[PDB]
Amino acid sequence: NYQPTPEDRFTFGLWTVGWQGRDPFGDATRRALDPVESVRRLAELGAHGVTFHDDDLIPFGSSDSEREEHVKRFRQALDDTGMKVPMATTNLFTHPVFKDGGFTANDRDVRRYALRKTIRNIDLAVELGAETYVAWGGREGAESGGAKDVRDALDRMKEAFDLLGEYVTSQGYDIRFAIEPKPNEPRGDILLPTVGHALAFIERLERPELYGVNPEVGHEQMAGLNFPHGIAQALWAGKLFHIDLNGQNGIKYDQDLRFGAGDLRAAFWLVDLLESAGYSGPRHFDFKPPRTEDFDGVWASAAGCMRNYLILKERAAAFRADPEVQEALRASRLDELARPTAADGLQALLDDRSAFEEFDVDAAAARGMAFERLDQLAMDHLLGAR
């Protein structure tokens, strides 16, 4: 009955179950968790691994000797539990120095500091075995129009990622980068606000094959966009390196609800897509147990993330295996969508009079697409009414 195992590759950020509940209007409602206890608790729930910002693991300002002590304790908990660390990232948003951004801060000395803080953590990530290094530029942006020349900012952003790519290739590291877009919050508008803007930007980097995207369910939904469509475009481009799963109720602040909450039907189509495209990366939950909860609610919320993925996986697999659905997909011509429009080539298309001169536009127009029957079959499967 929907029990996770480490083979399902579910991972969690230390900052998710460790969120103390401080929001812009209220104090923390929970005490801080020791990273070691989070690793142990998540292993008991069936998680595969954890992820971290540098500052989640090593408190800002630590001497190099305290740094080594923090890493050693952490490594011991990984060894004790079998937990992996597939992804790491840099905190370039909490400290006041980053108030105008990290890579695109107007102050050049802050931009250099941001790069040095990142490189330091790339080394640590590689040491712990991370395969993906995520960058969320949460402070790269503006509240007003004149504060940021965006063309210069994009030059500075390209400069920073190119330097990171030069660094990992010169060190011989097997790590790739994933850019995580978000349209706004905490800045009024954030640079590279959606999956598409991030994909387009990567194509202008010096070594584009090193960079992909880490889309988050709730972030694309904060722009009212269709998250499974955006994932499909990322898979089509070959760039889905990692994914952040959670829930979001529409266009408002970033709620980071547990996965399956928010838009349930979008969650169903997302799982259907990830499973049928053979996505094999981590299923990472970037979520925040609501600040109404005590510690038992934190672990129930985390367990719910995994449970909902596994239920949706079962319902999507049943949907695609149902002969009646396979019939309906052909009735709606999904098979014809997958066939080339003009494999016969341009010249044959131009001479083909059934494509224009003799095309019966009124007969083609009358054909129904039968999409509503297909979508009700999908609803019946999601709800277990089939």
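In case it trips you up, residue 1 is the first one in the sequence shown, and so on.
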222-230 versus 289-297 - greater average Cα B-factor per the deposited record: 289-297
If you average the CA temperature factors as listed in the entry, which stretch comes out higher, 116-124 or 259-267? 116-124
Highest CA temperature factor in the entry: which of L310, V97, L245, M83? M83
When the entry's CA B-factors for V325, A331, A47, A342 are compared, the highest one belongs to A342
Taking the entry's C-alpha B-factors for this chain, is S276 in the lowest, middle or highest third? highest
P24's Cα B-factor: lowest, middle or highest third of the chain? highest
Sorting the chain's modelled residues by C-alpha B-factor, tell me whether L205 ends up in the lowest, middle or highest third. middle
Ranking the modelled residues of this chain by C-alpha B-factor as given in the entry, is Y167 in the lowest, middle or highest third? highest
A385: CA temperature factor from the record, placed by chain third, in the highest
